[PDB]
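Engineer: You'll find model-v1.csv just under this line, and it carries CSV, C-alpha atoms and all ligand atoms.
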chain,number,residue,atom,x,y,z
A,207,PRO,CA,102.0,96.2,78.4
A,208,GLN,CA,100.3,99.1,80.2
A,209,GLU,CA,101.4,97.2,83.3
A,210,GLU,CA,104.8,98.6,82.3
A,211,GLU,CA,104.0,102.3,82.9
A,212,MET,CA,102.6,101.6,86.4
A,213,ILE,CA,105.9,99.7,87.1
A,214,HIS,CA,107.9,102.9,86.4
A,215,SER,CA,105.4,105.1,88.3
A,216,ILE,CA,106.1,103.1,91.4
A,217,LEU,CA,109.9,103.2,91.3
A,218,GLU,CA,109.7,106.9,90.6
A,219,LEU,CA,107.4,107.6,93.6
A,220,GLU,CA,110.5,108.0,95.7
A,221,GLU,CA,111.8,110.6,93.3
A,222,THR,CA,108.6,112.7,93.0
A,223,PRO,CA,108.3,115.7,95.4
A,224,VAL,CA,104.9,116.1,97.0
A,225,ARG,CA,104.9,119.7,95.7
A,226,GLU,CA,104.8,118.2,92.2
A,227,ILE,CA,101.4,116.4,92.9
A,228,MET,CA,99.7,118.6,95.5
A,229,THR,CA,96.8,121.0,95.1
A,230,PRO,CA,98.3,124.5,95.6
A,231,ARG,CA,97.1,126.9,98.3
A,232,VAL,CA,95.4,129.3,95.9
A,233,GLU,CA,93.1,126.5,94.7
A,234,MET,CA,92.2,125.2,98.2
A,235,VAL,CA,88.6,125.4,99.5
A,236,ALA,CA,88.9,126.1,103.2
A,237,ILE,CA,86.8,127.5,106.1
A,238,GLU,CA,87.4,129.5,109.2
A,239,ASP,CA,87.3,127.6,112.6
A,240,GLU,CA,84.7,130.1,113.9
A,241,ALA,CA,82.4,129.6,111.0
A,242,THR,CA,79.1,127.9,111.9
A,243,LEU,CA,78.3,124.4,110.6
A,244,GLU,CA,75.7,126.1,108.5
A,245,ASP,CA,78.5,127.9,106.6
A,246,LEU,CA,80.2,124.5,106.1
A,247,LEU,CA,77.0,123.1,104.7
A,248,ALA,CA,76.8,126.1,102.3
A,249,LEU,CA,80.5,125.7,101.5
A,250,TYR,CA,79.9,122.0,100.8
A,251,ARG,CA,76.9,122.7,98.6
A,252,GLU,CA,79.0,125.1,96.4
A,253,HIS,CA,82.2,123.1,96.0
A,254,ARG,CA,81.4,119.5,96.8
A,255,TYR,CA,84.7,118.6,98.5
A,256,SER,CA,84.4,116.0,101.2
A,257,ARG,CA,87.4,117.2,103.3
A,258,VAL,CA,88.0,120.9,104.0
A,259,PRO,CA,91.1,122.4,105.7
A,260,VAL,CA,90.3,124.6,108.7
A,261,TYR,CA,92.2,127.8,109.4
A,262,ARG,CA,92.2,130.5,112.1
A,263,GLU,CA,92.8,133.9,110.4
A,264,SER,CA,94.6,133.0,107.2
A,265,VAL,CA,94.8,129.9,105.0
A,266,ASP,CA,98.4,130.1,106.0
A,267,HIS,CA,97.5,128.8,109.5
A,268,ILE,CA,95.7,125.5,109.1
A,269,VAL,CA,94.5,124.2,112.4
A,270,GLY,CA,92.8,121.0,111.1
A,271,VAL,CA,90.5,119.3,108.6
A,272,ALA,CA,86.7,119.1,108.6
A,273,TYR,CA,84.6,116.4,107.0
A,274,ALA,CA,81.4,117.5,105.3
A,275,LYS,CA,79.9,114.1,106.2
A,276,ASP,CA,80.1,114.9,109.9
A,277,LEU,CA,77.4,117.4,109.3
A,278,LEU,CA,75.0,114.4,108.9
A,279,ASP,CA,75.4,113.7,112.7
A,280,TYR,CA,73.8,117.0,113.6
A,281,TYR,CA,70.1,117.9,113.8
A,282,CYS,CA,68.9,120.9,111.7
A,283,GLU,CA,66.6,121.8,114.6
A,284,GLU,CA,69.2,123.9,116.4
A,285,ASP,CA,72.7,122.4,116.0
A,286,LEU,CA,73.8,123.9,112.7
A,287,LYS,CA,73.9,127.6,113.8
A,288,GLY,CA,74.6,126.4,117.3
A,289,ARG,CA,78.1,124.8,116.6
A,290,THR,CA,81.2,126.0,114.9
A,291,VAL,CA,83.6,124.2,112.5
A,292,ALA,CA,86.1,123.9,115.3
A,293,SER,CA,83.7,121.6,117.1
A,294,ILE,CA,84.1,118.9,114.4
A,295,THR,CA,87.7,119.6,113.3
A,296,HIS,CA,90.2,116.8,113.1
A,297,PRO,CA,93.9,117.4,113.8
A,298,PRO,CA,96.0,118.2,110.7
A,299,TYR,CA,98.8,116.1,109.3
A,300,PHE,CA,101.5,118.4,108.0
A,301,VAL,CA,104.2,117.2,105.5
A,302,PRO,CA,107.1,119.2,104.1
A,303,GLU,CA,107.1,120.5,100.6
A,304,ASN,CA,110.0,118.3,99.5
A,305,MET,CA,108.8,115.0,101.0
A,306,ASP,CA,108.7,112.2,98.4
A,307,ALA,CA,105.4,110.8,97.3
A,308,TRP,CA,106.5,107.3,98.4
A,309,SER,CA,107.0,108.3,102.0
A,310,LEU,CA,103.6,110.2,101.9
A,311,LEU,CA,101.7,107.1,100.9
A,312,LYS,CA,103.4,105.1,103.6
A,313,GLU,CA,102.4,107.6,106.3
A,314,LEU,CA,98.9,108.2,104.9
A,315,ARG,CA,98.1,104.5,105.2
A,316,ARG,CA,99.7,104.1,108.6
A,317,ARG,CA,98.2,107.3,110.1
A,318,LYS,CA,94.8,106.3,108.7
A,319,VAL,CA,94.3,109.8,107.2
A,320,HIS,CA,93.3,110.8,103.7
A,321,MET,CA,94.5,114.4,103.4
A,322,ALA,CA,97.8,116.0,104.4
A,323,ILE,CA,98.6,119.7,104.6
A,324,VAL,CA,101.8,120.6,102.7
A,325,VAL,CA,103.8,123.4,104.4
A,326,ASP,CA,106.2,125.7,102.5
A,327,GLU,CA,109.8,126.4,103.3
A,328,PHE,CA,109.0,129.5,105.4
A,329,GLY,CA,106.2,128.2,107.7
A,330,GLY,CA,103.1,128.9,105.7
A,331,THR,CA,100.8,126.8,103.5
A,332,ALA,CA,101.9,125.5,100.1
A,333,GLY,CA,98.7,123.4,99.6
A,334,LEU,CA,97.1,120.1,100.3
A,335,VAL,CA,97.6,116.5,99.0
A,336,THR,CA,95.3,113.5,99.3
A,337,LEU,CA,95.7,109.8,98.9
A,338,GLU,CA,93.9,110.1,95.6
A,339,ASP,CA,96.7,112.4,94.3
A,340,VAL,CA,99.2,109.8,95.3
A,341,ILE,CA,97.0,107.0,93.7
A,342,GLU,CA,96.8,108.9,90.4
A,343,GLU,CA,100.6,108.9,90.0
A,344,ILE,CA,100.4,105.1,90.1
A,345,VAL,CA,97.2,104.5,88.3
A,346,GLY,CA,96.5,107.7,86.2
A,347,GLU,CA,93.6,110.0,86.9
A,348,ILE,CA,90.4,109.3,88.8
B,207,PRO,CA,112.8,96.8,99.0
B,208,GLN,CA,109.2,97.0,99.9
B,209,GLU,CA,108.9,98.5,96.4
B,210,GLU,CA,109.3,94.8,95.5
B,211,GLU,CA,106.0,93.5,97.0
B,212,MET,CA,104.0,96.2,95.2
B,213,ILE,CA,105.7,95.2,91.9
B,214,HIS,CA,104.4,91.6,92.4
B,215,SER,CA,100.9,92.9,93.5
B,216,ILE,CA,100.6,94.7,90.1
B,217,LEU,CA,101.5,91.8,87.8
B,218,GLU,CA,99.2,89.6,89.9
B,219,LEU,CA,96.2,91.9,89.6
B,220,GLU,CA,95.4,90.3,86.2
B,221,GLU,CA,95.3,86.9,88.1
B,222,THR,CA,93.1,87.9,91.1
B,223,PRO,CA,89.4,87.4,90.7
B,224,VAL,CA,87.1,90.2,92.0
B,225,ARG,CA,85.4,87.6,94.2
B,226,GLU,CA,88.7,87.3,96.1
B,227,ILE,CA,88.7,91.0,97.1
B,228,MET,CA,85.0,92.0,97.2
B,229,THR,CA,82.8,92.6,100.2
B,230,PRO,CA,80.3,89.7,100.2
B,231,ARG,CA,76.5,90.1,100.1
B,232,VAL,CA,75.9,89.2,103.7
B,233,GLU,CA,78.1,92.0,104.9
B,234,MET,CA,76.6,94.7,102.6
B,235,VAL,CA,74.8,97.7,104.1
B,236,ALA,CA,72.0,98.4,101.6
B,237,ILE,CA,68.6,100.2,101.5
B,238,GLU,CA,65.3,99.8,99.8
B,239,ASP,CA,64.5,102.2,96.9
B,240,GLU,CA,61.2,103.2,98.6
B,241,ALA,CA,62.8,104.1,101.9
B,242,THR,CA,62.7,107.8,102.6
B,243,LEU,CA,65.9,109.9,102.8
B,244,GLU,CA,65.3,110.1,106.5
B,245,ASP,CA,65.9,106.3,106.6
B,246,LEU,CA,69.1,106.8,104.6
B,247,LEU,CA,70.2,109.4,107.2
B,248,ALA,CA,69.5,106.9,109.9
B,249,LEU,CA,71.3,104.2,108.0
B,250,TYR,CA,74.3,106.4,107.5
B,251,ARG,CA,74.4,107.4,111.2
B,252,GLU,CA,74.5,103.8,112.2
B,253,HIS,CA,77.0,102.3,109.7
B,254,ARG,CA,79.0,105.4,108.3
B,255,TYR,CA,79.4,104.1,104.7
B,256,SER,CA,79.5,106.8,102.1
B,257,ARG,CA,78.0,104.7,99.3
B,258,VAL,CA,75.0,102.4,99.8
B,259,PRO,CA,73.6,99.9,97.2
B,260,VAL,CA,69.9,100.3,96.5
B,261,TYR,CA,67.6,97.4,96.0
B,262,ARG,CA,63.9,96.8,95.2
B,263,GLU,CA,62.6,93.8,97.2
B,264,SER,CA,65.8,91.9,97.9
B,265,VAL,CA,69.5,92.7,98.1
B,266,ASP,CA,69.7,90.3,95.2
B,267,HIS,CA,68.1,93.0,92.9
B,268,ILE,CA,70.4,96.0,93.1
B,269,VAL,CA,68.9,98.9,91.2
B,270,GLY,CA,71.6,101.5,91.9
B,271,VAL,CA,73.9,103.2,94.5
B,272,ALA,CA,73.1,106.1,96.8
B,273,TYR,CA,75.6,108.6,98.2
B,274,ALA,CA,75.1,109.7,101.8
B,275,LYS,CA,76.6,113.1,100.9
B,276,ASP,CA,73.7,113.7,98.5
B,277,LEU,CA,71.5,114.1,101.6
B,278,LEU,CA,73.4,117.4,102.3
B,279,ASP,CA,71.6,118.9,99.2
B,280,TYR,CA,68.2,118.5,100.9
B,281,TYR,CA,66.5,120.8,103.4
B,282,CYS,CA,65.4,119.2,106.6
B,283,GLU,CA,62.3,121.5,106.5
B,284,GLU,CA,60.3,119.0,104.5
B,285,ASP,CA,62.4,117.2,101.9
B,286,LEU,CA,63.7,114.2,104.0
B,287,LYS,CA,60.4,112.4,104.6
B,288,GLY,CA,59.2,114.0,101.3
B,289,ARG,CA,61.7,112.1,99.0
B,290,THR,CA,62.7,108.5,98.6
B,291,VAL,CA,66.1,106.9,98.1
B,292,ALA,CA,65.1,106.3,94.4
B,293,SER,CA,65.1,110.0,93.9
B,294,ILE,CA,68.9,110.2,94.5
B,295,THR,CA,69.9,106.8,93.2
B,296,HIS,CA,72.8,106.5,90.6
B,297,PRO,CA,72.8,103.7,88.1
B,298,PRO,CA,74.7,100.6,89.1
B,299,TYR,CA,77.8,99.2,87.5
B,300,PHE,CA,77.7,95.4,87.5
B,301,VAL,CA,80.8,93.2,87.1
B,302,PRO,CA,81.0,89.4,86.9
B,303,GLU,CA,82.3,87.4,89.8
B,304,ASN,CA,85.3,86.1,87.8
B,305,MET,CA,86.4,89.5,86.4
B,306,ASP,CA,90.1,90.2,87.2
B,307,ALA,CA,91.0,93.0,89.5
B,308,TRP,CA,93.2,94.6,86.7
B,309,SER,CA,90.2,95.0,84.4
B,310,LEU,CA,88.1,96.3,87.2
B,311,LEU,CA,90.5,99.1,88.1
B,312,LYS,CA,90.7,100.0,84.4
B,313,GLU,CA,86.9,100.3,84.1
B,314,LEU,CA,86.4,102.0,87.5
B,315,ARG,CA,88.8,104.8,86.4
B,316,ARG,CA,87.3,105.2,82.9
B,317,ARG,CA,83.7,105.0,84.1
B,318,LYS,CA,84.4,107.5,86.9
B,319,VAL,CA,82.6,105.4,89.5
B,320,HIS,CA,84.0,104.2,92.8
B,321,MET,CA,81.8,101.2,93.6
B,322,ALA,CA,80.8,98.2,91.4
B,323,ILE,CA,78.1,95.5,92.1
B,324,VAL,CA,79.5,92.0,91.8
B,325,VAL,CA,76.9,89.6,90.4
B,326,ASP,CA,77.0,85.8,91.0
B,327,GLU,CA,76.9,83.0,88.4
B,328,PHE,CA,73.1,82.7,88.7
B,329,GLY,CA,71.9,86.3,88.4
B,330,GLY,CA,71.9,87.4,92.0
B,331,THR,CA,74.2,89.5,94.1
B,332,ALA,CA,77.6,88.2,95.3
B,333,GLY,CA,78.7,91.5,96.8
B,334,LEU,CA,80.3,94.8,96.2
B,335,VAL,CA,83.8,96.0,95.4
B,336,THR,CA,85.2,99.5,95.5
B,337,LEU,CA,88.3,101.3,94.2
B,338,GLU,CA,89.7,101.1,97.7
B,339,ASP,CA,89.5,97.3,97.6
B,340,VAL,CA,91.5,97.4,94.4
B,341,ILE,CA,93.9,99.9,95.8
B,342,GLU,CA,94.6,97.8,98.9
B,343,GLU,CA,95.8,94.9,96.8
B,344,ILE,CA,98.5,97.2,95.4
B,345,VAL,CA,99.3,99.2,98.5
B,346,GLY,CA,98.2,97.1,101.5
B,347,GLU,CA,95.2,98.2,103.7
B,348,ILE,CA,93.7,101.6,104.2
C,401,LIG,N1,89.3,121.1,100.1
C,401,LIG,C1,89.9,121.0,98.9
C,401,LIG,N2,90.1,122.1,98.2
C,401,LIG,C2,90.7,122.0,96.9
C,401,LIG,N3,91.0,120.9,96.4
C,401,LIG,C3,90.8,119.7,97.0
C,401,LIG,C4,90.2,119.7,98.4
C,401,LIG,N4,90.1,118.4,98.7
C,401,LIG,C5,90.6,117.6,97.8
C,401,LIG,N5,91.0,118.4,96.7
C,401,LIG,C6,91.6,117.9,95.5
C,401,LIG,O1,90.6,117.3,94.7
C,401,LIG,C7,91.1,116.1,94.1
C,401,LIG,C8,90.2,114.9,94.6
C,401,LIG,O2,90.6,114.6,95.9
C,401,LIG,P1,89.7,113.6,96.8
C,401,LIG,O3,89.0,112.6,95.9
C,401,LIG,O4,90.6,113.1,97.9
C,401,LIG,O5,88.6,114.7,97.4
C,401,LIG,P2,87.1,114.4,97.5
C,401,LIG,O6,86.6,114.0,96.1
C,401,LIG,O7,86.4,115.6,98.1
C,401,LIG,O8,87.0,113.2,98.5
C,401,LIG,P3,86.1,111.8,98.4
C,401,LIG,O9,86.4,111.3,97.0
C,401,LIG,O10,86.7,110.9,99.4
C,401,LIG,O11,84.7,112.2,98.6
C,401,LIG,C9,92.5,115.9,94.6
C,401,LIG,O12,93.4,116.3,93.5
C,401,LIG,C10,92.7,116.8,95.7
C,401,LIG,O13,94.0,117.4,95.8
C,402,LIG,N1,77.6,99.9,101.6
C,402,LIG,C1,78.6,99.1,102.1
C,402,LIG,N2,78.4,98.0,102.8
C,402,LIG,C2,79.4,97.2,103.2
C,402,LIG,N3,80.7,97.4,103.0
C,402,LIG,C3,81.1,98.4,102.2
C,402,LIG,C4,80.0,99.4,101.7
C,402,LIG,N4,80.7,100.3,101.0
C,402,LIG,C5,82.0,100.0,101.1
C,402,LIG,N5,82.2,98.9,101.8
C,402,LIG,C6,83.5,98.3,102.1
C,402,LIG,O1,84.2,99.1,103.1
C,402,LIG,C7,85.6,99.2,102.7
C,402,LIG,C8,85.9,100.7,102.5
C,402,LIG,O2,85.4,101.1,101.3
C,402,LIG,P1,85.3,102.7,100.8
C,402,LIG,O3,86.4,103.4,101.5
C,402,LIG,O4,85.2,102.7,99.3
C,402,LIG,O5,83.9,103.1,101.5
C,402,LIG,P2,83.7,104.4,102.4
C,402,LIG,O6,84.8,104.4,103.4
C,402,LIG,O7,82.2,104.4,102.8
C,402,LIG,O8,83.9,105.5,101.2
C,402,LIG,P3,84.8,106.9,101.4
C,402,LIG,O9,86.1,106.4,102.0
C,402,LIG,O10,84.9,107.3,100.0
C,402,LIG,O11,84.0,107.8,102.3
C,402,LIG,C9,85.8,98.5,101.4
C,402,LIG,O12,86.4,97.2,101.7
C,402,LIG,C10,84.4,98.2,100.9
C,402,LIG,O13,84.3,97.0,100.2
C,403,MG,MG,91.3,113.3,91.0
C,404,MG,MG,86.6,111.8,94.2
C,405,MG,MG,89.7,99.4,103.7
C,406,MG,MG,87.5,105.0,103.8
So that I can check it, write out the structure of this file as structure tokens.

Structural biologist:
Amino acid sequence: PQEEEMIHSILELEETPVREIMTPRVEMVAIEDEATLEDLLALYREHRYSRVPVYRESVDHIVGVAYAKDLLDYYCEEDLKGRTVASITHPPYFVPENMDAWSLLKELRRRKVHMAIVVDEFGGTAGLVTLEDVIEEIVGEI
Amino acid sequence: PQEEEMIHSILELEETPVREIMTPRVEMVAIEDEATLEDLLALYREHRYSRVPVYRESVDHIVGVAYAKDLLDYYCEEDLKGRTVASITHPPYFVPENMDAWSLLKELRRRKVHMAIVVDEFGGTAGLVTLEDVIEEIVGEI
């Protein structure tokens, strides 16, 4: 039926490069590690992404990922200008640009992380890829 | 390989009742529609769920779902005591207790919703079920 197309999508996950499914660098919404949490709130309000990569000087040097929801732990009274994105930043999980989607889903589940940073052949940033991107190859588009 | 177990999990999704995969009512974290957004912030801080069902008088009368992230649109200056959970509540998607997981994933994708409210045979609430619960039948546990 339509069960059939998902069967083929699973056997083909070991043959799909993560570069074929990622969100490329020029479409990433990211933030500097020295930005305040108030700037993360503003960034969230504009773009509505739950997970934001964090970089030092360029989007080509990701140093981690920040969750917009972690802002909810902080009191507007003083904390938001008083802390930087680095204070809430989780360590990044990098995957090569030619890693297959099958291996990525295995490691995303094991590592208990939802977003991976995809690096290019030369040491910079090619983009990001999330569990939803991997899911949409199996299921369709969400 | 291990590709094999996911093949069986997909053909069996049409034979798995949503009651077999849901989170049951007594383990739901929910909030009253007349609670302030400050109480939703407190509820989020304690339990960390992103989506919370919303009820009138009992958890057996769900009237919608609230997103913790929608609190980030509101200014601590006055809004949080000044609004109620009802002001941010999205309409609920109810599914019967014997609906198959296959049909649920089809409708969750089409409807562009992540959480469904599972109703019991007698008109009350049996629990909730999310796209992740459906995903974990295919993939494992996340
Ligand atoms: N920071 C980001 N910048 C640009 N694109 C992103 C970012 N985060 C995710 N995406 C892309 O948006 C799509 C949706 O991803 P995902 O649902 O994981 O993010 P989200 O909707 O912010 O998270 P969640 O659904 O858990 O709230 C994916 O294709 C992903 O590649
Ligand atoms: N409000 C809730 N109360 C109790 N259990 C819930 C609630 N929301 C989700 N769950 C359960 O927790 C598990 C994780 O679900 P899910 O990842 O969709 O929620 P979440 O982690 O809060 O959302 P997100 O990952 O998008 O931030 C699922 O098994 C789901 O049934
Ligand atoms: Mg998508
Ligand atoms: Mg989404
Ligand atoms: Mg889970
Ligand atoms: Mg989760």

Engineer: Kindly compile the residues surrounding ligand MG 404 (chain C) within 10 Å, counting all atoms listed in the file, and format them as a PDB file with C-alpha atoms, keeping the file's coordinate frame.

Structural biologist:
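Wrote it out as selection11.pdb, contents follow:
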ATOM      1  CA  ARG A 254      81.400 119.500  96.800  1.00  0.00           C
ATOM      2  CA  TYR A 255      84.700 118.600  98.500  1.00  0.00           C
ATOM      3  CA  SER A 256      84.400 116.000 101.200  1.00  0.00           C
ATOM      4  CA  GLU A 338      93.900 110.100  95.600  1.00  0.00           C
ATOM      5  CA  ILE A 348      90.400 109.300  88.800  1.00  0.00           C
TER       6      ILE A 348
ATOM      7  CA  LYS B 318      84.400 107.500  86.900  1.00  0.00           C
ATOM      8  CA  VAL B 319      82.600 105.400  89.500  1.00  0.00           C
ATOM      9  CA  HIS B 320      84.000 104.200  92.800  1.00  0.00           C
TER      10      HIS B 320
END

Engineer: Can you measure atom CA of residue 279 of chain A to atom CA of residue 336 of chain A for me? One decimal in Å is fine.

Structural biologist: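 Between atom CA of residue 279 of chain A and atom CA of residue 336 of chain A the gap is 24.0 Å.
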
Engineer: Residues of chain B were defined as contacting chain A if any atom lay at most 8 Å from it, counting all atoms listed in the file; please report them as a list in words.

Structural biologist: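 So the residues of chain B near chain A are residues 209, 213, 216, 217, 247, 251, 274, 275, 278, 279, 282, 315, 316, 318, 347 and 348 of chain B.
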
Engineer: Could you tell me how far atom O11 of ligand LIG 401 (chain C) lies from atom CA of residue 330 of chain B, in Å and to one decimal?

Structural biologist: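 Taking atom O11 of ligand LIG 401 (chain C) as the start and atom CA of residue 330 of chain B as the end point, the length is 28.7 Å.
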
Engineer: Considering all atoms listed in the file, state which residue in the set B:208, B:287, B:292, B:222 is at the smallest distance from residue 239 of chain B.

Structural biologist: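 Nearest to residue 239 of chain B: B:292.
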
Engineer: Which value, in Å to one decimal, gives the distance between atom CA of residue 285 of chain A and atom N2 of ligand LIG 402 (chain C)?

Structural biologist: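 Separation of atom CA of residue 285 of chain A and atom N2 of ligand LIG 402 (chain C): 28.3 Å.
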
Engineer: So, counting all atoms listed in the file, which residue among B:228, B:323, B:246, B:307 is closest to ligand LIG 402 (chain C)?

Structural biologist: B:228

Engineer: Mind checking which residues fall within 7 Å of residue 303 of chain B, counting all atoms listed in the file, ignoring those fewer than 6 positions away in the same chain, and posting them as a JSON list (two decimals) with C-alpha atoms, keeping the file's coordinate frame?

Structural biologist:
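Done, and the output landed in selection.json:
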[["chain", "number", "residue", "atom", "x", "y", "z"],
["B", 224, "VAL", "CA", 87.10, 90.20, 92.00],
["B", 225, "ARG", "CA", 85.40, 87.60, 94.20],
["B", 324, "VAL", "CA", 79.50, 92.00, 91.80],
["B", 325, "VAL", "CA", 76.90, 89.60, 90.40],
["B", 326, "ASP", "CA", 77.00, 85.80, 91.00]]

Engineer: Counting all atoms listed in the file, which of A:237, A:229, A:244, A:313 gets nearest to ligand MG 403 (chain C)?

Structural biologist: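 Using all atoms listed in the file, ligand MG 403 (chain C) sits closest to A:229.
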
Engineer: Pick the closest to ligand LIG 402 (chain C) from A:231, A:339, A:328, A:257: which is it, counting only C-alpha atoms and all ligand atoms?

Structural biologist: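 Closest candidate: A:257.
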